[PDB]
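*Asks:* The structure's right below; bear with me while I get my questions together.
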Amino acid sequence: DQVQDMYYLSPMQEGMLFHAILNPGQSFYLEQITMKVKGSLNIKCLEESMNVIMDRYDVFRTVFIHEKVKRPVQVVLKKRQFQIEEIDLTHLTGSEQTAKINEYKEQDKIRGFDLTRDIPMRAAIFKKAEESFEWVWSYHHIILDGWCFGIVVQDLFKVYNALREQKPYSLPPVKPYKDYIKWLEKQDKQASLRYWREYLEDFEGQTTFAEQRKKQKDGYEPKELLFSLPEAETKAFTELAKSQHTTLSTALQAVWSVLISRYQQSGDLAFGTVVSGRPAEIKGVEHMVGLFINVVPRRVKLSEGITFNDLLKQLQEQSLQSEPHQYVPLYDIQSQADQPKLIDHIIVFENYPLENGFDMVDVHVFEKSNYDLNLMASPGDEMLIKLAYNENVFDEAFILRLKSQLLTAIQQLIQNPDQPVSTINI
Numbered sequence: 007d008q009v010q011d012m013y014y015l016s017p018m019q020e021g022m023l024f025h026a027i028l029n030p031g032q033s034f035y036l037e038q039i040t041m042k043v044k045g046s047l048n049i050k051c052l053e054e055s056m057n058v059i060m061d062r063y064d065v066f067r068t069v070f071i072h073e074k075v076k077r078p079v080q081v082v083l084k085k086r087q088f089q090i091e092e093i094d095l096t097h098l099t100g101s102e103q104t105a106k107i108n109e110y111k112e113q114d115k116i117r118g119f120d121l122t123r124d125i126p127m128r129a130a131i132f133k134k135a136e137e138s139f140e141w142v143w144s145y146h147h148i149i150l151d152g153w154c155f156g157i158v159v160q161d162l163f164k165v166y167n168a169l170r171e172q173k174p175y176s177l178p179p180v181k182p183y184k185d186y187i188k189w190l191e192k193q194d195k196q197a198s199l200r201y202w203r204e205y206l207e208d209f210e211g212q213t214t215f216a217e218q219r220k221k222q223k224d225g226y227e228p229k230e231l232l233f234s235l236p237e238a239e240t241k242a243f244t245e246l247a248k249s250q251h252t253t254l255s256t257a258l259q260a261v262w263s264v265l266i267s268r269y270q271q272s273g274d275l276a277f278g279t280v281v282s283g284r285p286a287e288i289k290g291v292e293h294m295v296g297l298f299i300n301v302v303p304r305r306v307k308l309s310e311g312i313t314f315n316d317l318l319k320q321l322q323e324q325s326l327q328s329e330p331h332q333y334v335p336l337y338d339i340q341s342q343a344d345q346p347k348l349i350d351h352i353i354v355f356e357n358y359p360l370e371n372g373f374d375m376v377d378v379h380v381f382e383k384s385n386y387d388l389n390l391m392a393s394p395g396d397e398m399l400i401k402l403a404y405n406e407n408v409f410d411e412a413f414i415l416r417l418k419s420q421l422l423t424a425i426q427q428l429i430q431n432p433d434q435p436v437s438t439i440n441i
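Read in order, the letters of the sequence shown are residues 7 to 360, 370 to 441 in PDB author numbering.
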């Protein structure tokens with residue numbers, strides 16, 4: 007037998023597997039990393055390093071079985087070989103190389119992953135010229151989220167940049183994903199469901215930006231508006247977050263709360279937020295690799311006279327009480343309120359968003384969007400904010416207005432953190 011271990015699926019993994027089988031070929035839970043490499047690259051060592059990553063991270067040797075079993079199980083294999091699929095585009099013009107790679111990217115989203123047999127990650131390198139390559143990296147979220155993929159990337163390049171130069175290396179020990187499954191099986195699932203039920207008690211629901219939503223036929227027109235926060239306000243926004251003993255993510259959620267409070271004309275609002283899902287009870291959970299992040303509902307209550315520091319407190323405290331219950335899938339939370347549309351937009355703060372070797376220019380991450388509006392923020396000397404929206408629902412003019420309103424609200428809130436947020440002008 008080629009089986010190394012066998013354990014159950016996390017609640018998120020089970021719903022992910024359930025929807026993946028029911029909707030094949032719809033790019034569900036698929037992430038496609040596309041990048042152009044301008045430089046020299048040892049293909050054989052990249053293949054060798056990938057197989058080190060293969061045997062270092064058990065999530066890549068994992069398959070899922072749902073048939074003829076009372077409850078789905080994940081099977082990790084003792085050994086599996088990864089082929090990096092090299093494609094020669096030297097004998098082709100530029101346009102044929104572009105279409106050949108674009109044909110791969112479109113077909114790759116449709117093929118997806120047979121989670122019962124395939125490796126939940128596939129790679130393709132297109133040699134378009136000498137020292138000119140294009141990488142199409144794909145993986146399934148059932149085994150890997152965005153943050154943990156960066157850990158795999160650094161481990162791959164550490165092994166790559168060493169093997170080629172013959173110099174040896176050592177890699178930090180990894181904690182098996184089974185330890186997270188073990189922690190889950192020890193939690194009271196009903197106690198976590200009750201937390202979200204109480205947390206969302208008497209919430210009526212809301213269609214965010216209702217009068218700005220265009221009422222057309224369903225369908226997604228992906229568009230983006232990217233902008234930065236100047237270093238001065240970024241340093242002050244971080245200092246205010248450090249002063250109030252809260253995170254930079256919570257600080258942005260509070261600014262967004264004030265903005266939507268004006269559009270909805272209400273003090274009871276909800277939006278999606280991505281939580282780490284990494285329980286601090288497990289030691290070394292920071293170095294584990296697997297599926298941890300989750301979108302959970304965030305309910306913000308804005309009473310009369312509430313200040314930004316008061317809002318910063320309400321949010322940071324709820325972030326702590328929710329930590330033992332961040333494993334609950336959003337479907338289970340929404341069913342415990344008969345509100346299939348409890349949230350319709352999310353805020354994401356990626357602290358490490360997606370030298371030795373070559374040059375990596377033009378990175379693009381493809382991910383199917385489940386919401387008509389997504390506020391994405393990344394750290395840095397000047398905070399980078401992205402507004403990814405569906406053009407069939409929202410116009411660019413409104414997204415541009417939200418940019419100006421978000422920038423002026425950030426400034427007004429860092430300078431008057433103890434003034435009632437109702438006094439903020441947007």
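Where a beta carbon is used, it is the ideal one built from N, C-alpha and C, also for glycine.
I need the straight-line Cα distance from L258 to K76, nearest angstrom please.
*Replies:* Roughly 43 Å separates the two Cα atoms.
*Asks:* Helix, strand or coil: how does DSSP classify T244 here?
*Replies:* Three-state result, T244: helix.
*Asks:* Give the secondary structure of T99 by DSSP, where H, G and I count as helix, E and B as strand, and everything else as coil.
*Replies:* Three-state DSSP puts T99 in coil, outside helix and strand.
*Asks:* Just to check my reading of the structure: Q212 and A276 have Cβ atoms closer than 8 Å, yes? What is that Cβ distance to the nearest angstrom?
*Replies:* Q212 to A276, Cβ: 7 Å. Contact.
*Asks:* DSSP on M294, reduced to helix/strand/coil?
*Replies:* It is coil, neither helix nor strand.
*Asks:* Taking 7 Å as the limit between beta carbons, can you name the residues of its chain near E237, skipping five residues before and five after?
*Replies:* Cβ neighbours of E237 beyond the five flanking positions: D396, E397.
*Asks:* Taking all protein chains shown into account, decide if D64 is buried (16 or more other Cβ within 10 angstroms of its Cβ) or exposed.
*Replies:* Buried: at least 16 other Cβ atoms inside 10 Å.
*Asks:* Looking only at its own chain, which residues have a Cβ that is under 6 Å from the Cβ of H379, when we skip the five neighbours before and after it?
*Replies:* Closer than 6 Å at Cβ, skipping near neighbours: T40.
*Asks:* Does the beta-carbon of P359, which I'm using as the reference point, lie nearer than 6 Å to any heavy atom of the ligand COA?
*Replies:* The model on display carries no ligand, and the ligand COA is accordingly not part of it.
*Asks:* Kindly indicate the opening and closing residues of the beta strand (DSSP E) around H379.
*Replies:* 375 to 382 is the span of the beta strand (DSSP E), which, as asked, contains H379.
*Asks:* Apart from the five residues on each side of it in sequence, which residues of its chain come closer than 7 Å, Cβ to Cβ, to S325?
*Replies:* If we look at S325 and ignore the five residues flanking it on each side, its Cβ neighbours are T256.
*Asks:* What residues match up with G278 in a beta bridge as DSSP calls it?
*Replies:* Answer by DSSP bridge pairing, in chain order: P303, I352.
*Asks:* CA-CA distance, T313 and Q434?
*Replies:* In a straight line, the C-alpha of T313 is about 5 Å away from that of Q434.
*Asks:* Tell me which residue opens and which closes the beta strand (DSSP E) that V158 is part of.
*Replies:* Taken as a continuous stretch (DSSP letters only), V158 belongs to no beta strand (DSSP E), being part of the alpha helix (DSSP H) at 152 to 169.
*Asks:* If you measure between the beta carbons of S393 and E356, is that distance less than 7 Å?
*Replies:* It is a contact, given that the beta carbons lie within the stated cut-off.
*Asks:* According to DSSP, simplified to helix, strand and coil, what is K401?
*Replies:* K401 falls in the strand class under three-state DSSP.
*Asks:* Tell me where the beta strand (DSSP E) around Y145 begins and ends.
*Replies:* Start and end: 138 to 146.
*Asks:* With a floor of 4 residues, list each alpha helix (DSSP H) that falls wholly inside the region 181 to 250, ordered by position along the chain.
*Replies:* Listed in chain order, the complete alpha helix (DSSP H) runs (minimum 4 residues) inside the region 181 to 250 are 184 to 191, 195 to 205, 237 to 249.
*Asks:* Any chance the region 235 to 252 sits against the region 402 to 418, with 3 or more Cβ pairs inside 8 Å?
*Replies:* As far as the Cβ criterion goes, the region 235 to 252 does not touch the region 402 to 418, which means the pair count is below three.
*Asks:* Taking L308 and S263 to be in contact with their CB atoms under 8 Å, please state how far apart those CB atoms are, rounded to whole angstroms.
*Replies:* Correct: roughly 7 Å between the Cβ atoms.
*Asks:* Tell me where the alpha helix (DSSP H) around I425 begins and ends.
*Replies:* It spans 411 to 430 - the alpha helix (DSSP H) in which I425 sits, taken as one unbroken run.
*Asks:* Give me, in chain order, the residues of the same chain whose beta-carbon lies closer than 7 Å to that of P178; leave out the 5 immediate sequence neighbours on both sides.
*Replies:* For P178, where only same-chain residues beyond five positions count, the Cβ hits under 7 Å are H293.
*Asks:* Could you spell out the range, first to last residue, of the beta strand (DSSP E) harbouring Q10?
*Replies:* Start and end: 9 to 14.
*Asks:* At a cut of 8 Å, does the region 12 to 19 reach the region 77 to 85 through at least three beta carbon pairs?
*Replies:* Yes, the region 12 to 19 touches the region 77 to 85.
*Asks:* Please say whether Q222 and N407 have beta carbons closer to each other than 7 Å?
*Replies:* Yes.
*Asks:* Does DSSP classify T104 as helix, strand or coil?
*Replies:* Helix, per DSSP.
*Asks:* What would DSSP say about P435, mapped onto helix, strand or coil?
*Replies:* Correct three-state label for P435: strand.
*Asks:* Report all residues from its chain with a CB closer than 6 Å to the CB of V165; omit the five preceding and five following residues, and keep chain order.
*Replies:* Answer for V165: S55, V58, listed in chain order.
*Asks:* When you compare each of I299, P359, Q320 to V261 by their alpha carbons, which one comes out closest?
*Replies:* Minimum Cα distance to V261 is reached at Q320.
*Asks:* According to DSSP, is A26 part of a helix, a strand, or is it coil?
*Replies:* Of the three classes helix, strand and coil, the one that applies to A26 here is helix, per DSSP.
*Asks:* Using CA coordinates, which residue listed in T279, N405, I353, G290 is at the minimum distance from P335?
*Replies:* Answer by Cα proximity: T279.
*Asks:* State yes or no: is the beta carbon of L177 nearer than 7 Å to at least one beta carbon in chain C?
*Replies:* Given the protein chain composition of this structure (a single chain), no chain C is represented.
*Asks:* Quick check on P174: buried or exposed, where buried means 16 or more other Cβ atoms within 10 Å of its Cβ?
*Replies:* With fewer than 16 Cβ atoms within 10 Å of its Cβ, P174 is classed as exposed.
*Asks:* Pull up the distance between the alpha-carbon of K289 and that of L254, whole angstroms please.
*Replies:* If I take the Cα positions, the gap works out to 24 Å.
*Asks:* Skipping 5 residues on each side, what residues in its chain have a beta carbon closer than 6 Å to that of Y226?
*Replies:* Only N405 meet the Cβ criterion.
*Asks:* What three-state label does DSSP hand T256 in the structure shown?
*Replies:* Three-state DSSP puts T256 in a helix.
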